[PDB]
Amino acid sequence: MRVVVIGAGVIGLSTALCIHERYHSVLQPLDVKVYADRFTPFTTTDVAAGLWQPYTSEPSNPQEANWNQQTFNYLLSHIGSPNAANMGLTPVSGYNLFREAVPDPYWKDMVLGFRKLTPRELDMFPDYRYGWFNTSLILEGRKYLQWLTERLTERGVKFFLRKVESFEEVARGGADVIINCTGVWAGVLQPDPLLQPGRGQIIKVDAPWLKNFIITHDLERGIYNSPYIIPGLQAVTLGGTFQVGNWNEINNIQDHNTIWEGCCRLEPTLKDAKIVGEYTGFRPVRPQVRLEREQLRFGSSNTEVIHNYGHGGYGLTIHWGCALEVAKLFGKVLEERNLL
């Protein structure tokens, strides 16, 4: 049939690929089209630090924990292939430093070799007295998106540069099903008082010698409002801010300083690092991910809509699990229409 996906970030292209991948063989014309106002370099996904790591706190809707676990194994299974890196995927080991002892996270068994830090190791970070170590995966937002768009292109999925004004618009257009993957920018399509922006800023730097990631935590100031250093495919992401309710899209020198001096006390060799860029992004902060089916009708119309947005600061980390879900709900639409 005719499927339209609004959104070209990790969640949108991920959901698309997954859908076409599992139903193209049964559906006659399966017309999948992606609409989005901004693409690749300009999505929230490219500004991502590119690390697999759910929050240190448990989620409401434990259904999100299984989605994180799914993504990990999907990505881990490519850690074999010769094209893993072209996808923006690669293994990394690192630390999560704390000022006081905290309980283990619920994902301690999802990652590789998680263990508490020994005394010697903490002497490398005098400012912290507690912490963990483990190996995870790197999913460079920028590169992963190019790969996803390429995989789709070959499958016949078409890309349109357009800012959808409302569902009806796409509906009239002729979409039988609509996949809403518009991140923090939802609301504009349908009001959602629960979906707010979580402004984050990062500095891109050239420190090829930094091979391990380091995330620090200030349990008083909130998650990611503490300096972190995350190496990527060929640049290191320096970060430290998470401001809720802030729609300011411009780099703030006020934050520039916090991140830089915060990261330079943590890793003094950064004084030689060369800044390659500074970007700002809005995490789709929502008390819970919205992933459900909704029936919107317009007289003789009756269009189908499936949502999948509001993944806060764990979009890359949970993307695939969420995608499998949508595909599953998409399967129940065909069933309801007698399509198998």
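When you see a residue number, it is the position in the sequence shown, counting from 1.
- Averaged over their C-alpha atoms, the temperature factors of 175-183 and 89-97 are higher for 175-183.
- Annotation for 296-304 versus 281-289: the higher mean temperature factor (C-alpha) is found in 296-304.
- In the PDB entry, the Cα temperature factor peaks, among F213, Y74, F159, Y130, at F159.
- For the set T44, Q28, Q70, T56, the PDB entry puts the maximum C-alpha B factor at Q28.
- The deposited CA B-factor of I230 belongs to the lowest third of values across its chain.
- Among the modelled residues of the chain, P208 sits in the lowest third by CA temperature factor in this PDB entry.
- Among the modelled residues of its chain, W52 has a C-alpha B-factor that falls in the lowest third, as given in the PDB entry.
- Per the deposited record, the Cα B-factor of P191 falls in the highest third when ranked against the other modelled residues of its chain.
- Sort the chain's modelled residues by C-alpha temperature factor and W320 lands in the lowest third, per the entry.
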